[PDB]
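S.K.: My questions all concern the structure below.
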Amino acid sequence: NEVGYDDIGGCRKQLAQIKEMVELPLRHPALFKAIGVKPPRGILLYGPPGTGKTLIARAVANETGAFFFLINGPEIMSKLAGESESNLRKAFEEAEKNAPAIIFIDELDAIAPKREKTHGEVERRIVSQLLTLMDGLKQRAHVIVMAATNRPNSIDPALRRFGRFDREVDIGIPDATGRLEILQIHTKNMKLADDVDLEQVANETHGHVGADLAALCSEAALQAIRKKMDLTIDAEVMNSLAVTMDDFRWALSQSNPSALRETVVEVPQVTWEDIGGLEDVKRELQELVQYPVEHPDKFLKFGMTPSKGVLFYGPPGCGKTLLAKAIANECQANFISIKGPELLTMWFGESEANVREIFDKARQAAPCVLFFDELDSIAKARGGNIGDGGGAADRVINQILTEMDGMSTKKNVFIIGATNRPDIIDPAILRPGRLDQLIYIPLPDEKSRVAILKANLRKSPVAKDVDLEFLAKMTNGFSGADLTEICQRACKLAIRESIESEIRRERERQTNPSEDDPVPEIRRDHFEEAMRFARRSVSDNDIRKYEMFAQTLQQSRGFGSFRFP
Amino acid sequence: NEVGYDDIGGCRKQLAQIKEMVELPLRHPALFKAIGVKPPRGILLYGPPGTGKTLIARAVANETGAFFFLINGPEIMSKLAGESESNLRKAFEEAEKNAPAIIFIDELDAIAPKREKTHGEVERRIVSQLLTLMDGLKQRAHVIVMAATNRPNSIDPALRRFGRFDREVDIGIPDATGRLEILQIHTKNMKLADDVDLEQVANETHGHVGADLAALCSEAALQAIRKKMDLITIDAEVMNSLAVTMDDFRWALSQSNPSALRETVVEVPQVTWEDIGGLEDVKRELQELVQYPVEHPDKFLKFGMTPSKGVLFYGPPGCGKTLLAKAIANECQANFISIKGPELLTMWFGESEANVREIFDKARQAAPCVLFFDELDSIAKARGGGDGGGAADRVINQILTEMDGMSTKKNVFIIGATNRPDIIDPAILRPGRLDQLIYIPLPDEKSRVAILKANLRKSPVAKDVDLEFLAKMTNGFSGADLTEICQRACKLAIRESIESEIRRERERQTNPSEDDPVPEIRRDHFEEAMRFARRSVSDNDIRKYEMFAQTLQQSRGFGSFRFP
Amino acid sequence: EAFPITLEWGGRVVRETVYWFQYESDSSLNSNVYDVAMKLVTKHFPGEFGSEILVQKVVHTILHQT
């Protein structure tokens, strides 16, 4: 009947932040006011709905032992005018009376939405009453008010002022480990079979949130019940009701995630082994991203400003994203990806104001590697250098420039660009104090190709006879995309052969009614056949473009003969 | 305790202005009647929230006796219809009974926001009630009101008419010295280890306001407690022995999100002439155009000369234009407001050219000021170096309109800056608007030595390295290139130190049984960094500016004149 | 040392060859782009309205050629 920390999952970091923020002030009320500090008057958790923020508040209240009071935004707005303000005043007075206490206002947006949304007189009067109550907590002792909303801009800005809600914790969406934790919590009571690997399930259930995972588990349980429906609850019968991995896969294919579009922010699982090449690029990215978080003292000692970001450029599909994800992984820093379609959408809809939102989210997740997939997308849309009535400057890139200028270097948020057409990129974003660094990502060499092939086959049960090392030797000039294509073709051939063999076995059974896997692994002939179907995405002449670009940049570099007697 | 002047910092200039405005009237009411002069009726302070404007009003009231009444905007609106009017009227009614007094209306925007933001009826009735109260305040017994709002445009203009909130004070954002003062105020009752120097954090805490600094100090103290709490109406001496350290401040610094990063910063730049250390003729021109008008007005009156409105720099990218503007602003001890090119581009794309008036009002409100427009050619480039039209565009047109409607009595000076002195709109160069062109050439050897020395001012440099030699062979380099060389050298030194530390750690691992390997930026570092050096601007680029200066400003300086 | 530039303003065309005399010791006889552009415009397009645009284009062409 009472929730605790062990009950919550998928928000370990945010839970730790909340604990360090609130537990100490609540656990030691008198000691806190003795020392000259003020605890958080009001916290504002936000994130897509269904993450159980109410559960977080309840668990914190129970663990700290403070009185808990829940305010339902829709419930409050339901009451006829006058009763709403009376209920709010009663709630705050009750919370004060049983101090220390926590007041959780759920669905704050409903009570105090954006000022444009509010139309009536009572709608604004309720917001004013809430603000007055917020400012009135200074006299009160040990009363922390936590509110829930989808986005910071989804509530009246007057509430996010000082004294009022000032601390914000982004619950976000759970990651693979968080999803596994949530699944373990939800499936605590369910009786499962030995074939279910919740790790793999959590890996597949991308875009889910706590509520979605709970619904998925319920769906799997009911699928099992349906399979065993024909044959008060008897404990042993439900023990025989052993949900299997097949039921979980069915639920996966049946469930509709509610947070697919939401920006994904987590530590990437890529590693340098996935692309084992460009040692110089590895060293440069290390110096840029790892030292200023693991050696803060050195920069102060030598008084140097950490670089704000770096720019990539090279043939399409060669690891420009893999390198960024790997460097984010090495520093255990959150990674945010902005695909080119997002920038194109912002340009077409003239919604460049959203860039501030992206940069705010990145800053809140410090340290983080903000990766822009295609800085050339909008420039290419306007004709690029093929035809350009105007100039390089445009809405979205201009907003990016402004927001990068407005950043604070202490936050350890590093911008990384990525383009296939470095020529048309706005010169403004290359100025010092901005990306200000150009790194050429070439086509993988033999060792890099071997690493790429091994990474792309790490999930396919390939045979031992396959000589991936040799395959790399003959596949010179193949981009990572092309090697992934080779592996996809090989696996497609293998699966087609397997299915046709099974059909042949069934036909044999039918013709002569009365086993072993004909193709248990990707046979060498599969790779041989796929190779004949392969092609080089990037041509030598289109490598000449990047080679010439790098040569032009290098030629500017000179004065390598500093003698200095 | 009662709030006072010493309890507030970061607004010394504005606090002095408010004192000058209010202290004398209230403290000596009889004098005004004798001289028959008009005292202020309402002083409207505006600035980003968290600057302690309420504290300023409380201090001014307490230090001059009187009675202080606080009216919170949200509180007034929260009350039922009619109740709000009753309370608002009662506030003024009672305030006179204890006159002389100061009434502080907090969050005025809530009570009387810009009319376009209001929709209901009772919303307008309250504003009319406040206006009627203000009109009657004119004849009231030495009653003054101090209403705090986010910005001048955040309230109904009807409240800004004469007999109402006509006098304004811009609290603004605290500067480095103000930040240090605020930190000192908040750290008064705190025990801190000797390693902490509030000057460092103050110089670093850019974009913070009074409230944020308090949050930073609280976070530092709480980190100290928590870091020591685990090992440990308090624990007595253990907590009394609590001592904060510079590392705790640094961590709390990295874990704070200041609330005023995007506000236009107005403050006296710390740059000095020695930062560039060159271009004596440009120094003389800037002196003539910015210093004498604010230092010898009597000379300008004695003759029939009128101060020039502004100048226009032009030259290769990254040569010191911003540096020179900041230096001249520093010399005259004048505010400095910079408008980077992205802001102009944003105004153009969003069709928000009406904001130029706000920028100029900001410059006017804080004078003498050096309004610096970093990239006036940004819009021209964005439309093609062409789209088939004239140079005229909305943003530059609004700049012209505001410049024309600027009173020369105020000491606001406009400085332009561009890399394409030919594509600039010809109108902005007309007499009476930026009627001077000052070419900023590439830095010379002595100036290069000066800029190299300035860049390394915060980097421990071995005495071996002589910057004069480095500047000798780097002829043709721009300021950006030299800063790049210095940054590359620092990066190499940091990498060497890190690798040496890793090797020392491995030695400790193998032999579990010590001095700094590279405490200074060694000569070899600058040697290797110079290999990465590259001249940013080619002689072809220099050709455009050289030809521009040789043709314009020297085409028909025929001179050779003398009366009989 | 000489490159061709043709004026095109108000639906017109002409033929011309600009002469560049840089590297001269005095440094004064060395060609100046703006002077050359104005001289060419006035010689080939005397008293033509809105000639600043044409002079600007000629200057850009000269700079690119040099």
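In chain B, numbers come from Swiss-Prot; the residues present are 199-430, 436-588, 591-718, 724-774, in order.
Per deposition record, electron microscopy, 3.1 Å.
Just so it is clear, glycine is given a Cβ too, placed from its N, Cα and C backbone atoms.
The ATP 1 binding site annotation in Swiss-Prot covers B:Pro247, B:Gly248, B:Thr249, B:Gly250, B:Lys251, B:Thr252, B:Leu253, B:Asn348, B:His384 and rests on experimental evidence. Positions annotated as ATP 2 binding site by Swiss-Prot, on the basis of similarity to another entry: B:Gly521, B:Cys522, B:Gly523, B:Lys524, B:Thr525, B:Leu526. Marked as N6,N6,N6-trimethyllysine by Swiss-Prot: B:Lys315. Annotation source Swiss-Prot lists phosphothreonine at B:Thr436, citing a large-scale study or a structure entry. For B:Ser462, B:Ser702, B:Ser770, the entry in Swiss-Prot reads phosphoserine. As annotated by Swiss-Prot, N6-acetyllysine applies to B:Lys502, B:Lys505, B:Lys668, B:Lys754, with the evidence given as similarity to another entry. Residues annotated as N6-succinyllysine in Swiss-Prot: B:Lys668.
Tell me about the setting of these features in this model.
M.R.: Under the DSSP three-state reduction, B:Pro247 (ATP 1 binding site) is assigned to coil, being neither helix nor strand.
In the three-state DSSP classification, B:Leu526 (ATP 2 binding site) falls within a helix.
Reduced to three states, the DSSP call for B:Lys315 (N6,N6,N6-trimethyllysine) is helix.
Within 10 Å of the C-beta atom of B:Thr436 (phosphothreonine) sit 12 other C-beta atoms, taking all shown protein chains into account.
DSSP assigns B:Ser462 (phosphoserine) to coil in the three-state reduction, outside any helix or strand. Every protein chain shown contributes to the tally, and the Cβ of B:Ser462 (phosphoserine) ends up with 20 other Cβ atoms within 10 Å.
Under 8 Å, Cβ to Cβ, and six or more positions away along its own chain, B:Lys502 (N6-acetyllysine) finds B:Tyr495.
If you draw a 10 Å sphere around the CB of B:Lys505 (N6-acetyllysine), it holds 9 other CB atoms from the protein chains shown.
Secondary structure at B:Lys668 (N6-succinyllysine), as computed by DSSP, is coil.
Its Cβ placed at the centre, B:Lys668 (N6-succinyllysine) has 6 other Cβ atoms within 10 Å.
The Cβ of B:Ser702 (phosphoserine) lies under 8 Å from the Cβ of B:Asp726, B:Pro727, B:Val728, each on the same chain and at least six residues away in sequence. Under DSSP, B:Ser702 (phosphoserine) is assigned to a helix (H, G or I) in the three-state scheme.
All chains included, 22 other C-beta atoms sit within 10 angstroms of the C-beta of B:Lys754 (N6-acetyllysine).
According to DSSP, B:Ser770 (phosphoserine) is assigned to coil rather than to any helix or strand.
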S.K.: Tally every other Cβ atom lying within 10 Å of the Cβ atom of B:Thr525 (ATP 2 binding site).
M.R.: 20
S.K.: Which recorded positions among B:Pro247, B:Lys505, B:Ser702, B:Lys754 have a Cβ sitting under 8 Å from any chain A Cβ?
M.R.: B:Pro247, B:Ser702
S.K.: CA-CA, which of the modified residues B:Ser462, B:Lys505, B:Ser770 lies nearest B:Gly523 (ATP 2 binding site)?
M.R.: B:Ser462
S.K.: From the Cα of B:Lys315 (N6,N6,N6-trimethyllysine) across to the Cα of B:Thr249 (ATP 1 binding site), what is the distance in angstrom?
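M.R.: Spelling it out, the Cα of B:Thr249 (ATP 1 binding site) and the Cα of B:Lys315 (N6,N6,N6-trimethyllysine) are 25 Å apart.
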S.K.: Of the binding-site residues B:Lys251, B:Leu253, B:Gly521, B:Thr525, which one has its Cα closest to the Cα of B:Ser462 (phosphoserine)?
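M.R.: Going through B:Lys251, B:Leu253, B:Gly521, B:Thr525 one by one, the Cα closest to that of B:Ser462 (phosphoserine) is B:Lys251.
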S.K.: Considering only the binding-site residues B:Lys251, B:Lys524, B:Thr525, B:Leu526, which fall within 10 Å of B:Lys668 (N6-succinyllysine) when distances are taken between Cα atoms?
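M.R.: So the list is empty; none.
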S.K.: State the count of C-beta atoms found within 10 angstroms of the C-beta of B:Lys315 (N6,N6,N6-trimethyllysine), not counting that atom itself.
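M.R.: Taking all protein chains shown, B:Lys315 (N6,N6,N6-trimethyllysine) has 14 Cβ neighbours within 10 Å.
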S.K.: Does DSSP give B:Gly521 (ATP 2 binding site) helix, strand or coil?
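M.R.: It is coil.
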S.K.: Considering only the binding-site residues B:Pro247, B:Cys522, B:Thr525, which residue has the minimal Cα-Cα separation from B:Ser770 (phosphoserine)?
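M.R.: Nearest candidate: B:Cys522.
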S.K.: Do the recorded positions B:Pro247, B:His384, B:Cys522, B:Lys754, B:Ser770 include any whose Cβ comes within less than 8 Å of a Cβ in chain C, and which?
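M.R.: Contact set vs C: B:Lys754.
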S.K.: Out of B:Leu253, B:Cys522, B:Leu526, which of the binding-site residues is least crowded by other Cβ atoms within 10 Å?
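M.R.: Counting other Cβ atoms within 10 Å of each of the binding-site residues B:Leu253, B:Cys522, B:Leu526 gives the minimum at B:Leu253.
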S.K.: Compute the mean position of the Cβ atoms of B:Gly521, B:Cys522, B:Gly523, B:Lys524, B:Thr525, B:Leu526, which form the recorded ATP 2 site, and then list in sequence order the other residues of that chain whose Cβ is within 8 Å of it.
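M.R.: Nearby residues not in the site list: B:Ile479, B:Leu527, B:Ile645, B:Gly684.
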